[PDB]
$ cat my_file21.cif   # mmCIF, C-alpha atoms
data_entry
loop_
_atom_site.label_atom_id
_atom_site.label_comp_id
_atom_site.auth_asym_id
_atom_site.auth_seq_id
_atom_site.Cartn_x
_atom_site.Cartn_y
_atom_site.Cartn_z
CA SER A 10 11.77 -13.96 -30.18
CA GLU A 11 8.05 -13.23 -30.84
CA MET A 12 9.33 -9.59 -31.30
CA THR A 13 11.19 -10.46 -34.59
CA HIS A 14 7.92 -11.90 -36.06
CA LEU A 15 6.13 -8.62 -35.07
CA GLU A 16 8.95 -6.45 -36.60
CA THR A 17 8.51 -8.38 -39.93
CA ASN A 18 4.67 -7.87 -39.90
CA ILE A 19 5.02 -4.04 -39.24
CA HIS A 20 7.68 -3.60 -42.02
CA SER A 21 5.76 -5.60 -44.71
CA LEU A 22 2.55 -3.76 -43.61
CA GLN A 23 4.24 -0.28 -43.98
CA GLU A 24 5.53 -1.37 -47.43
CA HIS A 25 1.92 -2.15 -48.60
CA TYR A 26 0.59 1.13 -46.96
CA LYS A 27 3.10 3.62 -48.53
CA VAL A 34 11.22 9.30 -41.71
CA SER A 35 7.81 8.48 -40.09
CA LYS A 36 4.95 10.04 -38.04
CA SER A 37 4.23 9.20 -34.36
CA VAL A 38 0.75 8.96 -32.66
CA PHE A 39 1.32 7.00 -29.36
CA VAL A 40 5.07 7.68 -28.59
CA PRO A 41 4.11 11.25 -27.43
CA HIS A 42 1.80 9.53 -24.83
CA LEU A 43 4.62 7.06 -23.90
CA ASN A 44 6.90 10.19 -23.48
CA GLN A 45 4.68 11.42 -20.53
CA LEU A 46 4.01 8.00 -18.87
CA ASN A 47 6.67 7.96 -16.02
CA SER A 48 5.35 11.35 -14.73
CA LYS A 49 2.03 9.42 -14.05
CA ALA A 50 3.66 6.84 -11.71
CA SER A 51 1.60 8.24 -8.73
CA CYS A 52 -1.87 8.35 -10.48
CA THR A 53 -4.23 5.48 -9.38
CA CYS A 54 -7.50 4.34 -11.08
CA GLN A 55 -9.40 4.80 -7.75
CA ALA A 56 -8.37 8.51 -7.83
CA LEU A 57 -9.28 8.86 -11.55
CA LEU A 58 -12.81 7.43 -10.83
CA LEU A 59 -13.20 9.84 -7.83
CA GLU A 60 -11.99 12.74 -10.11
CA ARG A 61 -14.70 11.90 -12.73
CA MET A 62 -17.37 12.05 -9.97
CA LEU A 63 -16.15 15.50 -8.72
CA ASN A 64 -16.09 16.77 -12.36
CA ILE A 65 -19.77 15.59 -12.77
CA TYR A 66 -20.74 17.34 -9.47
CA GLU A 67 -19.23 20.65 -10.73
CA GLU A 68 -21.28 20.43 -14.02
CA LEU A 69 -24.40 19.32 -12.00
CA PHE A 70 -24.12 22.16 -9.44
CA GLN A 71 -23.66 24.58 -12.42
CA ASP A 72 -26.65 23.18 -14.41
CA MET A 73 -28.81 23.49 -11.19
CA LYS A 74 -27.61 27.15 -10.71
CA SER A 75 -28.75 28.47 -14.16
CA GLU A 76 -32.17 26.72 -13.62
CA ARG A 81 -28.29 30.05 -3.53
CA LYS A 82 -25.74 29.95 -0.60
CA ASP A 83 -26.07 26.05 -0.71
CA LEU A 84 -25.11 25.34 -4.38
CA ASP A 85 -22.38 28.07 -4.11
CA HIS A 86 -20.63 26.63 -1.00
CA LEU A 87 -20.79 23.09 -2.53
CA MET A 88 -19.32 24.12 -5.93
CA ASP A 89 -16.59 26.08 -4.02
CA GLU A 90 -15.58 22.99 -1.97
CA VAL A 91 -15.66 20.80 -5.18
CA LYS A 92 -13.43 23.35 -7.04
CA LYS A 93 -11.08 23.49 -4.00
CA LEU A 94 -10.86 19.64 -3.86
CA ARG A 95 -10.40 19.17 -7.68
CA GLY A 96 -7.35 21.45 -7.18
CA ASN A 97 -5.83 18.19 -5.69
CA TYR A 98 -6.73 16.00 -8.76
CA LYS A 99 -4.97 17.99 -11.59
CA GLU A 100 -2.85 14.96 -12.72
CA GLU A 101 -5.93 12.61 -12.63
CA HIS A 102 -7.84 15.17 -14.80
CA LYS A 103 -4.91 15.25 -17.36
CA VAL A 104 -4.90 11.43 -17.60
CA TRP A 105 -8.68 11.55 -18.32
CA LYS A 106 -8.22 14.27 -21.04
CA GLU A 107 -5.36 12.13 -22.51
CA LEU A 108 -7.63 9.02 -22.52
CA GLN A 109 -10.41 11.14 -24.22
CA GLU A 110 -7.82 12.51 -26.74
CA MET A 111 -6.55 8.99 -27.68
CA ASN A 112 -10.15 7.66 -27.85
CA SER A 113 -11.09 10.55 -30.27
CA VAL A 114 -8.43 9.68 -32.94
CA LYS A 115 -9.54 9.00 -36.59
CA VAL A 116 -8.52 5.30 -37.08
CA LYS A 117 -9.38 5.71 -40.88
CA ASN A 118 -6.74 8.50 -41.43
CA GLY A 119 -3.39 7.95 -43.27
CA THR A 120 -1.21 10.01 -40.83
CA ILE A 121 -2.79 8.17 -37.83
CA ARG A 122 -2.40 4.80 -39.68
CA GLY A 123 1.30 5.64 -40.39
CA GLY A 124 2.01 7.08 -36.93
CA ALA A 125 0.24 4.05 -35.36
CA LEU A 126 2.28 1.46 -37.40
CA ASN A 127 5.58 3.32 -36.54
CA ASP A 128 4.65 3.34 -32.80
CA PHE A 129 3.21 -0.22 -32.50
CA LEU A 130 6.30 -2.06 -31.21
CA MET A 131 7.09 0.74 -28.67
CA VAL A 132 3.45 0.63 -27.37
CA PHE A 133 3.44 -3.22 -27.41
CA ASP A 134 6.82 -3.46 -25.62
CA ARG A 135 5.80 -0.96 -22.87
CA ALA A 136 2.38 -2.69 -22.47
CA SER A 137 4.18 -6.14 -22.13
CA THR A 138 6.66 -4.77 -19.51
CA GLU A 139 3.70 -3.33 -17.50
CA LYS A 140 2.32 -6.88 -16.83
CA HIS A 141 5.69 -8.90 -16.77
CA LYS B 9 -13.78 20.32 11.90
CA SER B 10 -17.26 21.97 11.61
CA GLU B 11 -16.44 22.10 7.84
CA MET B 12 -18.13 18.70 7.00
CA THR B 13 -21.08 19.91 9.18
CA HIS B 14 -21.30 23.03 6.88
CA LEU B 15 -21.43 20.68 3.80
CA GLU B 16 -24.11 18.43 5.42
CA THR B 17 -26.28 21.59 6.04
CA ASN B 18 -25.88 22.77 2.37
CA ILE B 19 -26.93 19.28 0.98
CA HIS B 20 -29.96 19.04 3.41
CA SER B 21 -31.31 22.59 2.65
CA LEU B 22 -30.64 21.88 -1.09
CA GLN B 23 -32.66 18.57 -0.90
CA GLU B 24 -35.47 20.56 0.86
CA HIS B 25 -35.61 22.89 -2.25
CA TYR B 26 -35.38 19.86 -4.68
CA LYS B 27 -38.08 17.51 -3.21
CA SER B 35 -33.65 8.16 -1.73
CA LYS B 36 -32.08 7.14 -5.10
CA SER B 37 -28.31 6.46 -5.61
CA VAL B 38 -26.16 6.94 -8.79
CA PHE B 39 -22.46 7.11 -7.56
CA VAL B 40 -22.53 4.90 -4.37
CA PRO B 41 -22.65 1.80 -6.69
CA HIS B 42 -19.33 3.08 -8.21
CA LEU B 43 -17.92 3.71 -4.65
CA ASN B 44 -19.04 0.07 -3.83
CA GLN B 45 -16.40 -1.26 -6.32
CA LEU B 46 -13.51 1.18 -5.50
CA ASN B 47 -11.37 -1.12 -3.21
CA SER B 48 -11.51 -3.88 -5.91
CA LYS B 49 -9.51 -1.36 -8.10
CA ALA B 50 -6.61 -0.98 -5.59
CA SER B 51 -4.21 -2.61 -8.18
CA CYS B 52 -5.26 -0.52 -11.26
CA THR B 53 -2.71 2.22 -12.23
CA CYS B 54 -3.24 5.13 -14.68
CA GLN B 55 -0.11 4.01 -16.67
CA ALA B 56 -1.84 0.64 -17.33
CA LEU B 57 -5.20 2.33 -18.18
CA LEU B 58 -3.39 4.61 -20.78
CA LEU B 59 -1.59 1.52 -22.24
CA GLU B 60 -4.95 -0.39 -22.34
CA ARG B 61 -6.54 2.51 -24.38
CA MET B 62 -3.62 2.24 -26.88
CA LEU B 63 -3.98 -1.59 -27.29
CA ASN B 64 -7.79 -1.24 -27.72
CA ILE B 65 -7.22 1.37 -30.51
CA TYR B 66 -4.61 -0.91 -32.24
CA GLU B 67 -7.19 -3.73 -32.38
CA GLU B 68 -9.87 -1.37 -33.92
CA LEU B 69 -7.19 0.04 -36.31
CA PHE B 70 -5.99 -3.43 -37.43
CA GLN B 71 -9.68 -4.35 -38.00
CA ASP B 72 -10.55 -1.14 -39.96
CA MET B 73 -7.39 -1.78 -42.13
CA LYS B 74 -8.54 -5.45 -42.73
CA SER B 75 -11.96 -4.55 -44.31
CA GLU B 76 -10.13 -1.92 -46.51
CA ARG B 81 -3.36 -10.90 -44.63
CA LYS B 82 -1.03 -13.07 -42.40
CA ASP B 83 0.47 -9.72 -41.06
CA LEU B 84 -2.69 -7.96 -39.75
CA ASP B 85 -3.94 -11.34 -38.35
CA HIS B 86 -0.77 -12.18 -36.34
CA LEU B 87 -0.70 -8.56 -34.98
CA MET B 88 -4.40 -8.58 -33.86
CA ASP B 89 -3.72 -12.02 -32.22
CA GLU B 90 -0.72 -10.70 -30.20
CA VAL B 91 -2.74 -7.55 -29.18
CA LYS B 92 -5.73 -9.74 -28.08
CA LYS B 93 -3.31 -12.04 -26.16
CA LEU B 94 -1.79 -9.01 -24.30
CA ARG B 95 -5.22 -7.32 -23.64
CA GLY B 96 -6.01 -10.61 -21.82
CA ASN B 97 -3.84 -9.01 -19.06
CA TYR B 98 -5.83 -5.68 -19.03
CA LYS B 99 -9.48 -6.83 -18.36
CA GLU B 100 -9.64 -4.78 -15.08
CA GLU B 101 -8.15 -1.65 -16.82
CA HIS B 102 -10.79 -2.04 -19.60
CA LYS B 103 -13.67 -2.22 -17.01
CA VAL B 104 -12.42 0.97 -15.27
CA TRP B 105 -12.42 2.73 -18.70
CA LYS B 106 -16.02 1.54 -19.46
CA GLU B 107 -17.03 2.66 -15.91
CA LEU B 108 -15.45 6.12 -16.48
CA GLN B 109 -17.25 6.41 -19.92
CA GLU B 110 -20.59 5.29 -18.39
CA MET B 111 -20.37 7.69 -15.39
CA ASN B 112 -19.22 10.58 -17.64
CA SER B 113 -22.33 10.01 -19.89
CA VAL B 114 -24.94 10.37 -17.05
CA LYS B 115 -27.76 12.95 -17.64
CA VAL B 116 -26.98 15.88 -15.23
CA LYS B 117 -30.37 17.55 -16.20
CA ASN B 118 -32.51 14.54 -14.97
CA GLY B 119 -34.53 14.62 -11.68
CA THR B 120 -33.71 11.02 -10.57
CA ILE B 121 -29.96 11.63 -11.27
CA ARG B 122 -30.19 15.04 -9.47
CA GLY B 123 -31.80 13.28 -6.43
CA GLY B 124 -29.49 10.24 -6.52
CA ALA B 125 -26.50 12.63 -6.94
CA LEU B 126 -27.50 14.83 -3.91
CA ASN B 127 -28.02 11.63 -1.79
CA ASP B 128 -24.53 10.34 -2.83
CA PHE B 129 -22.55 13.64 -2.59
CA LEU B 130 -21.19 13.49 0.99
CA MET B 131 -20.06 9.83 0.61
CA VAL B 132 -18.32 10.75 -2.72
CA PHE B 133 -16.84 13.96 -1.17
CA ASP B 134 -15.61 12.14 1.99
CA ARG B 135 -13.92 9.35 -0.04
CA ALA B 136 -12.42 11.91 -2.50
CA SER B 137 -11.04 13.96 0.51
CA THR B 138 -9.44 10.92 2.25
CA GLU B 139 -7.85 9.94 -1.17
CA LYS B 140 -5.63 13.09 -0.74
CA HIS B 141 -6.19 13.50 3.14
#
$ encode --input "my_file21.cif" --output "structure tokens"
Amino acid sequence: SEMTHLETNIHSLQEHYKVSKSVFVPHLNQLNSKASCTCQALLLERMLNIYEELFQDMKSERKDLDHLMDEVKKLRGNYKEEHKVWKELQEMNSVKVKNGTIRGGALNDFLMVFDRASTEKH
Amino acid sequence: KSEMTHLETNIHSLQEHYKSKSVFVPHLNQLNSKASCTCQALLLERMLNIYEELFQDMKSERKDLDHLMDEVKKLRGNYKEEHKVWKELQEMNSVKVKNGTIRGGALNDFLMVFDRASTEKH
């Protein structure tokens, strides 16, 4: 009922900013495959990523550092999906908001994004 | 079995070479409070944040844009925890790997991080 109002705003907006491109639907298309991924695990995955870079930075500047980086690499083998989510977040966060194609793609995809985001929270 | 022992030895001998502070334990201290947070919701929260910025950037360059930003703000009301996780990820991911205090803090915090990251996947 609110949805009709939103449909009207998107249409009239696309008329003034002249089928379509898509920017967020490709992210929505990979969302169910992420049903398992938790935020706790994504925070832990960031920390392991930082330890790999740290252990590497220390190395260039040792049986210790070597065994630690090896166990971190082994363990991050278990956090491949968490890592992908993070690269997806970074990818979305990178996007040029002031670009026509992204504007267009974004307007096309708004109601899909808004609908899925509403469902998420009941 | 004697594997965590191995890791303890590597960190100790490494801290001997690099002569506590804490950088990641404060993030571990807020991990259980994130038990609810899913990756699906964190991806959707990124999208809603970018729609708000987009609608704003379009404004400076309208009943339409205003009603849309209002519905996005209303819905992001439901995603405050998701937003905080994202800011936490960004903040952690920024931290200066080539700094002594962070090096020291990071070595102090490694086994706690590694233990919690191991039990996440068992």
$ interface_residues --input "my_file21.cif" --of "chain A" --to "chain B" --cutoff "6 Å" --atoms "all atoms listed in the file" --output "ChimeraX atom specification"
/A:18,52-55,59,69,83,116,136
$ write_last_selection --input "my_file21.cif" --atoms "C-alpha atoms" --output "short mmCIF file (atom, residue, chain, number, x, y, z; two decimals), in the coordinates of the input"
data_model
loop_
_atom_site.label_atom_id
_atom_site.label_comp_id
_atom_site.auth_asym_id
_atom_site.auth_seq_id
_atom_site.Cartn_x
_atom_site.Cartn_y
_atom_site.Cartn_z
CA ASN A 18 4.67 -7.87 -39.90
CA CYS A 52 -1.87 8.35 -10.48
CA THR A 53 -4.23 5.48 -9.38
CA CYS A 54 -7.50 4.34 -11.08
CA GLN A 55 -9.40 4.80 -7.75
CA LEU A 59 -13.20 9.84 -7.83
CA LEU A 69 -24.40 19.32 -12.00
CA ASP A 83 -26.07 26.05 -0.71
CA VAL A 116 -8.52 5.30 -37.08
CA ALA A 136 2.38 -2.69 -22.47
#
$ resolve_selection --input "my_file21.cif" --expression "the PyMOL selection byres ((chain A and resi 11) around 12)" --output "PyMOL selection string"
(chain A and resi 10+12-18+130+133-134+137) or (chain B and resi 86-87+89-90)
$ atom_distance --input "my_file21.cif" --atom1 "CA of residue 41 in chain A" --atom2 "CA of residue 128 in chain A"
9.6 Å
$ atom_distance --input "my_file21.cif" --atom1 "CA of residue 130 in chain B" --atom2 "CA of residue 40 in chain B"
10.2 Å
$ resolve_selection --input "my_file21.cif" --expression "the PyMOL selection byres ((chain A and resi 101) around 10)" --output "PDB file with C-alpha atoms, in the coordinates of the input"
ATOM      1  CA  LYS A  49       2.030   9.420 -14.050  1.00  0.00           C
ATOM      2  CA  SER A  51       1.600   8.240  -8.730  1.00  0.00           C
ATOM      3  CA  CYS A  52      -1.870   8.350 -10.480  1.00  0.00           C
ATOM      4  CA  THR A  53      -4.230   5.480  -9.380  1.00  0.00           C
ATOM      5  CA  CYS A  54      -7.500   4.340 -11.080  1.00  0.00           C
ATOM      6  CA  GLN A  55      -9.400   4.800  -7.750  1.00  0.00           C
ATOM      7  CA  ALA A  56      -8.370   8.510  -7.830  1.00  0.00           C
ATOM      8  CA  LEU A  57      -9.280   8.860 -11.550  1.00  0.00           C
ATOM      9  CA  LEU A  58     -12.810   7.430 -10.830  1.00  0.00           C
ATOM     10  CA  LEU A  59     -13.200   9.840  -7.830  1.00  0.00           C
ATOM     11  CA  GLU A  60     -11.990  12.740 -10.110  1.00  0.00           C
ATOM     12  CA  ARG A  61     -14.700  11.900 -12.730  1.00  0.00           C
ATOM     13  CA  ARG A  95     -10.400  19.170  -7.680  1.00  0.00           C
ATOM     14  CA  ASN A  97      -5.830  18.190  -5.690  1.00  0.00           C
ATOM     15  CA  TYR A  98      -6.730  16.000  -8.760  1.00  0.00           C
ATOM     16  CA  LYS A  99      -4.970  17.990 -11.590  1.00  0.00           C
ATOM     17  CA  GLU A 100      -2.850  14.960 -12.720  1.00  0.00           C
ATOM     18  CA  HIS A 102      -7.840  15.170 -14.800  1.00  0.00           C
ATOM     19  CA  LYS A 103      -4.910  15.250 -17.360  1.00  0.00           C
ATOM     20  CA  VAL A 104      -4.900  11.430 -17.600  1.00  0.00           C
ATOM     21  CA  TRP A 105      -8.680  11.550 -18.320  1.00  0.00           C
ATOM     22  CA  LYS A 106      -8.220  14.270 -21.040  1.00  0.00           C
ATOM     23  CA  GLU A 107      -5.360  12.130 -22.510  1.00  0.00           C
TER      24      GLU A 107
ATOM     25  CA  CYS B  54      -3.240   5.130 -14.680  1.00  0.00           C
TER      26      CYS B  54
END
$ closest_residue --input "my_file21.cif" --among "A:94, A:111, A:38, A:131" --to "residue 62 in chain A" --atoms "all atoms listed in the file"
A:94
$ atom_distance --input "my_file21.cif" --atom1 "CA of residue 24 in chain B" --atom2 "CA of residue 73 in chain A"
14.1 Å
$ resolve_selection --input "my_file21.cif" --expression "the PyMOL selection byres ((chain B and resi 37) around 6)" --output "PDB file with C-alpha atoms, in the frame of the given file"
ATOM      1  CA  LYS B  36     -32.080   7.140  -5.100  1.00  0.00           C
ATOM      2  CA  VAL B  38     -26.160   6.940  -8.790  1.00  0.00           C
ATOM      3  CA  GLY B 124     -29.490  10.240  -6.520  1.00  0.00           C
TER       4      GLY B 124
END
$ closest_residue --input "my_file21.cif" --among "B:13, B:35, B:44, B:75" --to "residue 127 in chain B" --atoms "only C-alpha atoms"
B:35
$ axis_aligned_box --input "my_file21.cif" --around "range 96-113 of chain A" --padding-each-side "8 Å" --output "lines of an AutoDock Vina configuration file"
center_x = -7.0
center_y = 14.6
center_z = -18.0
size_x = 24.2
size_y = 29.8
size_z = 40.6
